[PDB]
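Here you get one chain, nothing else, as structure tokens; it is the form solved without this ligand.
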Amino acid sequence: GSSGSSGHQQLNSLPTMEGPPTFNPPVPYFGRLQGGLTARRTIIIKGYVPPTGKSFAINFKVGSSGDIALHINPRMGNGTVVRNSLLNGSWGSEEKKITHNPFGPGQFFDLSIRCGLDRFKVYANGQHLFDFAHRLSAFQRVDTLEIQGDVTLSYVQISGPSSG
């Protein structure tokens, strides 16, 4: 009484994330950034916090090496989104600073992170959520965006230099 099977003749990695945006992406959702953290890059995450989900987490690893430059994790309970960054065999620190926490169990939430040169700019439903100080100088290297935990992703697309 069991169905479904991975079946992989030879372990390999998924192709590029080109083409149209993702629809109803599973979790954890692993979305590699084509290019990397570039001043002209904007990350967008449209999902919804389930009533049975404690909280999720959005970590940004590097496709090249594999280090986390930014690790944001919202907290529906207390109401504080912690920010960290795991470095090569090392770790950064815990950063908490927000004006309004929309993330709520039972209601949708539009999150959009902006990649810049001095720092990042996260927005929530048209509201400056918080900023992320450049911890890893090699931020540009970061070309991987993964999302684990308890979150209902609906639409995910890594806006790039395309629009122009």
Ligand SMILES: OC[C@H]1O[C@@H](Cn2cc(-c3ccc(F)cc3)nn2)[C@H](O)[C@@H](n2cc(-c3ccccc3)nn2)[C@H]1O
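For every residue, the number given is its place in the sequence shown, counted from 1.
This protein has a second form, the form solved in complex with this ligand, left out of what is shown; the following refers to that one.
Chemist: My question is simply whether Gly92 lines the interface with this ligand in the entry with it bound - judged by any non-hydrogen atom within 4.5 Å.
Modeler: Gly92 belongs to the contact set for this ligand.
Chemist: Please run the contact check for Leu111 against this ligand in the entry with it bound: heavy atoms, 4.5 angstroms, yes or no?
Modeler: Looking in the entry with it bound, residue contacts with this ligand do not include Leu111, since no heavy atom lies within 4.5 Å.
Chemist: With a 4.5 Å heavy atom cut-off, would you call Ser55 a contact of this ligand in the entry with it bound?
Modeler: Yes, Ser55 lies within 4.5 Å of this ligand in the entry with it bound.
Chemist: Look up in the entry with it bound whether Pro21 has a non-hydrogen atom within 4.5 angstroms of this ligand, and give yes or no.
Modeler: No.
Chemist: I need the one stretch from 113-121, 65-73, 35-43, 100-108 whose residues put non-hydrogen atoms within 4.5 angstroms of this ligand in the entry with it bound.
Modeler: Answer to the contact question: 65-73.
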